[PDB]
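[1] pasting the structure only:
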Ligand SMILES: *[C@H]1OC[C@@H](O[C@@H]2OC[C@@H](O)[C@H](O)[C@H]2O)[C@H](O)[C@H]1F
């Protein structure tokens, strides 16, 4: 499918060279940053969407995540499906696991306090996570069957909002440096 959304947010720290490439391709060069999220996807997320991607380049030099990323409103929730990471594997309150697309993911929930959100300014909100137990190899055509995660989260009381916001395959970095090149479809 064709992506119709370009995500490029940075809290202003360090250098973030985000390139809006052709089709569903994008690349990022970052160094000594604060928090940032870059990626391509869809303006309106869907719980039945199947995301395809190929990370030709995944070279984080510190804390960085290669992950499906999106938000919902009512209630406000930031969710993730992390396939790979840099030096830090994200974790939180363990809820269980889900097998999908050849890998096993741990399910976690965390909370952000007085943090920036899609609604601007700052607020408190919950984060839903699906983190692969081991890093998924990159450079290959990978698939993320989001329906499997959504259903798994539901059985653990993790329900998403009724108002769906953007949904993208992104690169998030936090106080680190690195490079990534990803194609989404
Ligand atoms: C999850 O990722 C980064 C950040 O989310 C950003 O908040 C501001 C908004 O304008 C951007 O589109 C979002 O990506 C959030 O604080 C964190 F929990």
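    Yes, it's here. Numbering: from 1, shown residues only.
[2] now stretch 144-157, how far from the chain's geometric center?
    The chain centre lies 15 Å from the centre of stretch 144-157; the measure is CA atoms, centre = their mean, to the nearest Å.
[3] cool, and stretch 171-185?
    Centre-to-centre, stretch 171-185 and its host chain are 10 Å apart (CA atoms, centre = their mean).
[4] do the same with stretch 79-97
    Distance, stretch centre to chain centre, for stretch 79-97: 10 Å (CA atoms, centre = their mean).
[5] nearest spatial neighbour of the residue nearest to the spatial centre of the chain, chain-adjacent residues omitted?
    The structure's the chain has its C-alpha centroid closest to residue 69; by CA atoms, centre = their mean the separation is 2.9 Å. In space, and not counting its chain neighbours, residue 69 is closest to residue 170: 4.4 Å by CB to CB, 6 or more residues apart in numbering. Backbone N, C-alpha and C define where each C-beta goes, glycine included.
[6] can you check residue 25 too?
    The shortest distance from residue 25 to any non-neighbouring residue, by CB to CB, 6+ apart, is to residue 183 (4.5 Å).
[7] now the strands for the protein?
    Per DSSP state E, the chain carries strands over the ranges 5-10, 15-20, 25-31, 35-42, 50-61, 64-73, 77-85, 93-100, 103-116, 122-132, 142-145, 163-174, 177-184.
[8] burial count for residue 73?
    By other CB atoms under 10 Å, the residues close to residue 73 number 15.
[9] identify the residues contacting it.
    Residue 73 makes contact with 118, 119, 161, 162, 163, 164, 165, according to CB atoms under 8 Å, 6 or more residues apart in numbering.
[10] sweet, I'm off.
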